[PDB]
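Source file: model_13.cif. Holds: mmCIF, C-alpha atoms.
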```
data_run
#
loop_
_atom_site.group_PDB
_atom_site.id
_atom_site.type_symbol
_atom_site.label_atom_id
_atom_site.label_comp_id
_atom_site.auth_asym_id
_atom_site.auth_seq_id
_atom_site.Cartn_x
_atom_site.Cartn_y
_atom_site.Cartn_z
ATOM 1 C CA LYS M 3 0.000 0.000 0.000
ATOM 2 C CA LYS M 4 1.244 3.424 -1.057
ATOM 3 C CA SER M 5 -0.088 6.669 -2.519
ATOM 4 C CA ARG M 6 -1.162 5.656 -5.992
ATOM 5 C CA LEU M 7 -3.511 6.462 -8.837
ATOM 6 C CA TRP M 8 -7.117 5.639 -7.957
ATOM 7 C CA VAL M 9 -9.907 5.659 -10.550
ATOM 8 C CA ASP M 10 -13.694 5.690 -10.123
ATOM 9 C CA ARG M 11 -16.115 3.324 -11.870
ATOM 10 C CA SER M 12 -16.898 5.604 -14.796
ATOM 11 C CA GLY M 13 -13.328 6.826 -15.117
ATOM 12 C CA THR M 14 -14.379 10.388 -14.468
ATOM 13 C CA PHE M 15 -11.850 11.072 -11.732
ATOM 14 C CA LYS M 16 -8.421 9.720 -11.015
ATOM 15 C CA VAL M 17 -6.576 10.607 -7.835
ATOM 16 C CA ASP M 18 -3.242 10.012 -6.234
ATOM 17 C CA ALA M 19 -4.012 8.733 -2.782
ATOM 18 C CA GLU M 20 -3.171 6.363 0.012
ATOM 19 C CA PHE M 21 -5.811 4.497 1.979
ATOM 20 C CA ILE M 22 -6.195 5.556 5.570
ATOM 21 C CA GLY M 23 -9.538 4.150 6.620
ATOM 22 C CA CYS M 24 -12.823 3.031 5.119
ATOM 23 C CA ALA M 25 -16.050 3.827 6.943
ATOM 24 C CA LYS M 26 -19.775 3.932 6.199
ATOM 25 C CA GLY M 27 -19.096 2.643 2.696
ATOM 26 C CA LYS M 28 -16.624 5.408 1.897
ATOM 27 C CA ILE M 29 -12.859 5.469 1.702
ATOM 28 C CA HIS M 30 -10.793 8.070 3.528
ATOM 29 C CA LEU M 31 -7.846 8.827 1.297
ATOM 30 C CA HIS M 32 -4.703 10.842 1.770
ATOM 31 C CA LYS M 33 -3.433 12.101 -1.577
ATOM 32 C CA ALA M 34 0.282 12.154 -2.310
ATOM 33 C CA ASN M 35 -0.394 15.801 -3.049
ATOM 34 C CA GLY M 36 -0.999 16.151 0.694
ATOM 35 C CA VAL M 37 -4.783 16.471 0.519
ATOM 36 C CA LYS M 38 -7.239 14.306 2.462
ATOM 37 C CA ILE M 39 -10.388 13.318 0.565
ATOM 38 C CA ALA M 40 -13.426 11.045 0.878
ATOM 39 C CA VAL M 41 -14.253 8.758 -2.025
ATOM 40 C CA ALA M 42 -17.233 6.409 -1.903
ATOM 41 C CA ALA M 43 -16.035 2.814 -2.274
ATOM 42 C CA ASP M 44 -19.103 1.833 -4.278
ATOM 43 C CA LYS M 45 -18.693 4.171 -7.232
ATOM 44 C CA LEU M 46 -15.034 3.256 -7.547
ATOM 45 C CA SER M 47 -13.104 0.858 -9.799
ATOM 46 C CA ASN M 48 -12.773 -2.835 -9.000
ATOM 47 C CA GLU M 49 -9.011 -2.679 -8.999
ATOM 48 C CA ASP M 50 -8.951 0.086 -6.467
ATOM 49 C CA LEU M 51 -11.367 -1.930 -4.347
ATOM 50 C CA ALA M 52 -9.295 -5.100 -4.699
ATOM 51 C CA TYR M 53 -6.362 -3.091 -3.409
ATOM 52 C CA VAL M 54 -8.172 -1.615 -0.413
ATOM 53 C CA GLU M 55 -9.599 -5.084 0.234
ATOM 54 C CA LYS M 56 -5.998 -6.191 0.658
ATOM 55 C CA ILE M 57 -5.180 -3.326 2.999
ATOM 56 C CA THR M 58 -8.230 -3.998 5.154
ATOM 57 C CA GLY M 59 -8.956 -7.695 4.936
ATOM 58 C CA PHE M 60 -12.536 -7.058 3.881
ATOM 59 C CA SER M 61 -14.153 -7.658 0.534
ATOM 60 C CA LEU M 62 -15.436 -4.840 -1.649
ATOM 61 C CA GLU M 63 -16.819 -7.308 -4.161
ATOM 62 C CA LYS M 64 -20.266 -5.994 -3.270
ATOM 63 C CA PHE M 65 -18.950 -2.516 -4.095
ATOM 64 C CA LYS M 66 -17.697 -3.611 -7.505
ATOM 65 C CA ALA M 67 -20.229 -2.855 -10.206
ATOM 66 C CA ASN M 68 -18.683 -5.096 -12.824
#
```
Step by step, read the file and then write its structure as structure tokens.
Amino acid sequence: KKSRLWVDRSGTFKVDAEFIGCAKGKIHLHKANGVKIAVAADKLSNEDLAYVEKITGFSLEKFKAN
């Protein structure tokens, strides 16, 4: 795990970020730019979820749209 390029489901936004904590279905992210953001884990890309799954130990399969 390290500050990397995250992408949402639709590919509308891509962000450099590291995973800090996921809560209430959202992901708290700390960008490598030094900014802290909140990205919903359910409108995100499967790869990004698979990664945060590995950080957490949970499964975001349910959050993957396809």
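Of the residues under consideration (M:19, M:39, M:7, M:29), M:29 shows the shortest atom-to-atom contact distance to residue 58 (chain M) when counting all atoms listed in the file.
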What do you get, as a list in words, if you spell out every residue that the PyMOL selection byres ((chain M and resi 63-68) around 8) selects here?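 Matching residues under the PyMOL selection byres ((chain M and resi 63-68) around 8) are residues 11, 43, 44, 45, 46, 47, 48, 51, 52, 61 and 62 of chain M.
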Once the PyMOL selection byres ((chain M and resi 38) around 12) has been applied to the shown file, what residues remain in the selection, as a list in words?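 Matching residues under the PyMOL selection byres ((chain M and resi 38) around 12) are residues 5, 17, 18, 19, 20, 21, 22, 23, 29, 30, 31, 32, 33, 34, 35, 36, 37, 39, 40 and 41 of chain M.
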Enclosing box along x, y and z for every listed atom of region 49-68 of chain M, padded 4 Å each side, centre and size in Å, one decimal, as lines of an AutoDock Vina configuration file:
```
center_x = -12.7
center_y = -3.8
center_z = -3.8
size_x = 23.1
size_y = 15.8
size_z = 26.0
```
Grab the CA of residue 27 (chain M) to CA of residue 42 (chain M) distance for me, in Å with one decimal place. 6.2 Å
